[PDB]
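Trainee: Take this structure first; my questions come after.
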Amino acid sequence: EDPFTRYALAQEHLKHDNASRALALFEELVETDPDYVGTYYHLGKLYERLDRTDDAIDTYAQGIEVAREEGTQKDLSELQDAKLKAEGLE
């Protein structure tokens, strides 16, 4: 029940094409441990695949708020990049 533990957990699923499980964990993580930056990028990239793109953007935006305050440039960058690309779709 540890942030990284389930994060990595959610991450293996993603690899083994178990997106529904990956998403469950991700959403949970985002509300239990909201300032754990890593979740936001994969959740949004998942929302996009799930055709809930607009949801993905509110997540990239939520991620970018915590990343400025509690993240690292690497984290801030991937989110910023992700967000701008989602937007350049429609």
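To be explicit about the labels: the chains of the structure tokens are called A, B, and onward in the order shown, and within each one the residues are counted from 1, while ligands get numbers from 1 in the order they are shown.
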Mind checking which residues fall within 9 Å of range 37-39 of chain A, counting only C-alpha atoms, ignoring those fewer than 6 positions away in the same chain, and posting them as a PyMOL selection string?

Mentor: chain A and resi 7+26-27+29-30+63-64+66-67+70-72+75-76

Trainee: If we count only C-alpha atoms, what is near range 8-11 of chain A at a cut-off of 12 Å, once residues fewer than 6 positions away on the same chain are taken out, given as a PyMOL selection string?

Mentor: chain A and resi 1-2+17-29+38-39+41-43+46

Trainee: Assign secondary structure with DSSP using the backbone only, and return the residues of chain A in alpha helix (DSSP H) as JSON, numbers by chain.

Mentor: {"A": [3, 4, 5, 6, 7, 8, 9, 10, 11, 12, 13, 14, 15, 19, 20, 21, 22, 23, 24, 25, 26, 27, 28, 29, 30, 31, 32, 38, 39, 40, 41, 42, 43, 44, 45, 46, 47, 48, 49, 53, 54, 55, 56, 57, 58, 59, 60, 61, 62, 63, 64, 65, 66, 67, 68, 69, 70, 73, 74, 75, 76, 77, 78, 79, 80, 81, 82, 83, 84, 85, 86, 87]}

Trainee: Go through A:32, A:44, A:49, A:3 and flag the residue nearest residue 62 in chain A, using only C-alpha atoms for the distances.

Mentor: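 Residue with the minimum atom-to-atom distance to residue 62 in chain A: A:44.
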
Trainee: In Å, rounded to a single decimal, give me how far CA of residue 81 in chain A is from CA of residue 35 in chain A.

Mentor: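 So the two atoms, CA of residue 35 in chain A and CA of residue 81 in chain A, lie 19.5 Å apart.
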
Trainee: Restricting the calculation to only C-alpha atoms: of A:16, A:83, A:68, A:74, which residue gets closest to residue 48 in chain A?

Mentor: A:83

Trainee: Which distance in Å separates CA of residue 77 in chain A and CA of residue 36 in chain A, to one decimal?

Mentor: 15.5 Å

Trainee: For a test of reading the model, state the distance in Å between CA of residue 33 in chain A and CA of residue 58 in chain A, rounded to one decimal.

Mentor: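 That distance, rounded to one decimal, is 17.0 Å.
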
Trainee: Find, counting only C-alpha atoms, the residue in A:40, A:54, A:5, A:13 that gets nearest to residue 87 in chain A.

Mentor: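 Distance minimum relative to residue 87 in chain A lands on A:54.
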